[PDB]
Amino acid sequence: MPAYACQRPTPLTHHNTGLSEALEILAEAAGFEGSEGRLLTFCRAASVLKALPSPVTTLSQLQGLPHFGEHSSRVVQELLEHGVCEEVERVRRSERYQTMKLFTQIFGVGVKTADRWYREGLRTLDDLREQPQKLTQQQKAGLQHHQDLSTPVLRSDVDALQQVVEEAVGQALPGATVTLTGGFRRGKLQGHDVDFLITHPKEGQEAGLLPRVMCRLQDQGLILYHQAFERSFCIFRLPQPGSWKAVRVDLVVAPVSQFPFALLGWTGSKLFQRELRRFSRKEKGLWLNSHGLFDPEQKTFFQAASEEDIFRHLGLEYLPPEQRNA
DNA sequence: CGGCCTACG
DNA sequence: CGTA
DNA sequence: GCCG
Ligand SMILES: Nc1nc2c(ncn2[C@H]2C[C@H](O)[C@@H](COP(=O)(O)OP(=O)(O)OP(=O)(O)O)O2)c(=O)[nH]1
Ligand SMILES: [Ca+2]
Ligand SMILES: [Ca+2]
Ligand SMILES: [Cl-]
Ligand code: NA
Ligand code: NA
């Protein structure tokens, strides 16, 4: 089993779901305390289990697996022997974990803001609503829409939404295209938000496009919240039987020269892309982001026409999106 | 021990 | 600071 | 928390 997640296929569904979900609780709790290193180790250990071909049934089967040291191994052992890990359950019911999770789920609130509110004594959404001068415009929108935004977006919702975006994009710039990215491109049947990548086949024509798209969506009454730019993090009105619901939608524009890098980055998963960028820099000496792949010794950018090109540049076997669920 | 992804709004 |  |  290789040490980087980008070196192994990771399917969406697998054979160690309960074990991985426990390690991801500990990863999340580490993030809430500001230890990104521990978060990464727990995430990586969880992802190793997702990549295995069958269930872990005995502690012996962790020997030699990367990212399983004394702590992650003890978590798995307790789950194998008792069906529960006391450390995980203590985290689950802790006031700190529950409130930090509640607050960071608000659009416009990160770990740093949630922690400050926690230290001030706040614990509930109604606590926040009773002091709204304390809130940015973004946070106000995230709090007002929190209930709808907490409900998963169904893959069955997405095609009708993509059609609406395509209509606005085609008026803004005929010939421009819309590609579904994010977890839905990896095969998920639900998601917390929808991610779209927009480009045009003629290099340079995409300049200035996103403000034109947003203006047209707003004029159609579809934008509940937004605001030169190339990424937009929106709240959209999605139809429902007899009504509608708020949904988070991300829009990104890339020039066609960069489209394979943007498609790769925005298709994720988040851990897969962090691991891929870490691999590129530490193992290959190349710097990767959603715009390109840079050789800092030649001071040259790799041209890519496809995601396949990028995997080849990096010396990695190609993984389709459905196998990037690290 | 150092390092832990890398951007844009 | 927020966001992907 | 773990790798190298
Ligand atoms: N490099 C990098 N990419 C990120 C980061 N956060 C998100 N992304 C990329 C990869 C994600 O798959 C993609 C979309 O992010 P989302 O939060 O929408 O996640 P995703 O669609 O995978 O899942 P979800 O909507 O929760 O089902 O953006 C980050 O911190 N770093
Ligand atoms: Ca998103
Ligand atoms: Ca998403
Ligand atoms: Cl840490
Ligand atoms: Na080990
Ligand atoms: Na948030």
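The basis for the numbers below is simple: all heavy atoms, side chains too, and nothing from hydrogens, waters or symmetry mates. Order of the sequence lines fixes the chain letters, A, B, ..., with proteins taken first and strands second; residue numbering starts at 1 for each chain.
- A distance below 6.0 Å separates the ring centres of A/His313 and A/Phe302.
- Between A/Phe272 and A/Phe311, the ring planes lie tilted relative to each other; the angle falls in the 30° to 60° range.
- Relative to the side chain of A/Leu40, the nucleotides C/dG2, B/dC4, B/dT6 differ in distance, and B/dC4 lies closest.
- Side-chain nitrogen and oxygen atoms of A/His71 include at least one within less than 4.0 Å of the OP1 or OP2 phosphate oxygen of D/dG1.
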Which pairs would a plain distance check flag for residues 26-36 of chain A, meaning a side-chain donor or acceptor within less than 3.5 Å of a matching protein atom at least two apart in sequence or in another chain?
| unit_1 | atom_1 | unit_2 | atom_2 | d |
| --- | --- | --- | --- | --- |
| A/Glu28 | OE1 | A/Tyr97 | OH | 2.6 |
| A/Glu28 | OE2 | A/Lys101 | NZ | 2.7 |
| A/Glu33 | OE2 | A/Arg96 | NE | 2.9 |
| A/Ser35 | OG | A/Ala30 | O | 3.3 |
| A/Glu36 | OE2 | A/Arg274 | NH1 | 2.9 |
| A/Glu36 | OE2 | A/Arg274 | NH2 | 2.8 |

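- Here the nucleotide nearest the side chain of A/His291, chosen from B/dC8, D/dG4, B/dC5, is B/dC8.
- Ring orientation note: the planes of A/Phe294 and A/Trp287 are tilted relative to one another, at an angle of 30° to 60°.
- Nucleic acid contact for A/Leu39: none, since no nucleic acid atom lies under 4.0 Å from a heavy atom of the residue.
- Between A/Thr113 and C/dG2, a side-chain N or O to OP1/OP2 separation shorter than 4.0 Å is present.
- Listed candidates were D/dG1, C/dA4, B/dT6. Nearest to the side chain of A/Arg44 is D/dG1.
- Between A/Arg38 and A/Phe229, the one whose closest nucleotide on DNA chain B sits nearer the 5' end is A/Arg38.
- The base of C/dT3 has none of its N or O atoms less than 3.5 Å from a complementary donor or acceptor on the side chain of A/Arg231.
- When heavy atoms are screened at a 4.0 angstrom cut-off, A/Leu271 is found touching no nucleic acid atom at all.
- As judged by a 4.0 angstrom heavy-atom cut-off over every strand, A/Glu230 is placed among residues touching the sugar-phosphate backbone only.
- Taking the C1' atom of each, C/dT3 and B/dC5 are spaced 15 Å apart, rounded to whole Å.
- For the OP1/OP2 pair of C/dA4 and a distance below 4.0 Å, the side-chain nitrogens and oxygens of A/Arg248 include at least one atom meeting the criterion.
- Closest-nucleotide positions on DNA chain B for A/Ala228 and A/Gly37 were compared, and the one nearer the 5' end corresponds to A/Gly37.
- Remark: A/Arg281 is in phosphate contact with B/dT6, judged by side-chain N or O atoms under 4.0 Å from OP1 or OP2.
- A 4.5 Å side-chain heavy-atom check between A/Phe107 and A/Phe233 finds at least one atom pair inside the cut-off.
- Put simply, A/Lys282 has a side-chain N or O that comes within less than 4.0 Å of OP1 or OP2 on B/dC4.
- When ring centroids are compared, A/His71 and A/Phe42 come within the 6.0 Å threshold.
- Phosphate contact (OP1/OP2 of B/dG9, side-chain N/O of A/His226, threshold under 4.0 Å): absent.
- Look at A/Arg274 and you'll find a side-chain N or O under 4.0 angstrom from OP1 or OP2 of B/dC5.
- Each of D/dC2, D/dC3, C/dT3 was ranked by its minimum atom distance to the side chain of A/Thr41; first place goes to D/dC2.
- Checked against C/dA4, C/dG2, B/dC5, the side chain of A/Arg277 finds its nearest nucleotide in B/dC5.
- Phosphate proximity of D/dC2 to A/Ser72: present, with a side-chain N or O under 4.0 Å from OP1 or OP2.
- The side chain of A/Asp195 lies closest to C/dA4 when the candidates are C/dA4, B/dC4, D/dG1.
- Here, B/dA7 and D/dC2 have their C1' atoms 26 Å apart, quoted to the whole Å.
- Side-chain N/O atoms of A/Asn289 include one lying less than 4.0 angstrom from OP1 or OP2 on B/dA7.
- Rounded to a whole Å, the CG atom of A/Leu288 is 15 Å from the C1' atom of C/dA4.
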